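Form deposited in one PDB entry, single chain, as structure tokens, below.
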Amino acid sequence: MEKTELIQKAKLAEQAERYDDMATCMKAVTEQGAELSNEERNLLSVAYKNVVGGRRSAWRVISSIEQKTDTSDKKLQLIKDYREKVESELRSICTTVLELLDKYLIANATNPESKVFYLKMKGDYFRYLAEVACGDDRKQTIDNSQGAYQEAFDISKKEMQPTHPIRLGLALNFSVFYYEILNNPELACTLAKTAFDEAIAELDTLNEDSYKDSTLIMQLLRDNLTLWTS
């Protein structure tokens, strides 16, 4: 299908909350080779965040039901196998997105604004794999996640205003990576707090068009600061 209709179908599937179709539409747009605008980038990220989000919540539920009430019995082996099924779907979604980023998006990225956004997604979906991995490849997925975050973080400080929602969003997920994956809560708080204060100090760079997108992510940073401090 033409790109224009694929975008029309993607926004249609987002209204109907059929996110699997929305991801398939944005995966089809990406694989055609044309660069993605800011709207199309957000459609792709929102589509796959919902797809992998349903698997992450299900994995959390099953893992908690596994450990709690984990008195060893034949009922436990079925819980483990059902967890592995969700892990397999979760790994398949993360593998698909990372192949899109490495083959099409990050490769054909033009402006540094697109490069920061795509490198943030790469750090996001390696982070999701790190939540579900063990042993050697967990150490590898963590380094893959941190490497993409760090390069995006260094480019955003050089090329983006601190109030830019992509730089703010990257700092939000980079701090979550420190708190949940690295188990370094103090560094996670400083990373989120530094971005929040630098954005507050440049609040005048926002305007009637950009105020809402930035201040909501700044509120998300503050919500994690309160949570990780309480």
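We call the rigid core the largest set of C-alpha positions that still match within 1.5 Å between the two forms. Throughout, we count residues from 1 along the sequence that is shown. Shifts are known only where both forms have a C-alpha.
What comes next is about the form deposited with a partner chain bound, which does not appear here.
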Each of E180, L216 and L227 near its partner chain in the deposited bound form, meaning some heavy atom within 4.5 Å? yes
Determine whether any heavy atom of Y104 comes within 4.5 Å of a heavy atom of its partner chain in the deposited bound form, and answer yes or no. no
Using a 4.5 angstroms cut-off on non-hydrogen atoms, would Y128 count as touching its partner chain in the deposited bound form? yes
Closest heavy atom of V176 to its partner chain in the deposited bound form, within 4.5 Å or not? yes
4.5 Å heavy atom contact, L172 and its partner chain in the deposited bound form: yes
Taking the rigid core as reference, does the Cα of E208 move 2 Å or more between this form and the one not shown? yes
Using a rigid core superposition, assess whether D70 undergoes a CA shift of 2 Å or more between this form and the one not shown. yes
Given a rigid core superposition, which stretches of at least 3 residues have all Cα atoms displaced by 2 Å or more between this form and the one not shown? 69 to 71, 206 to 208
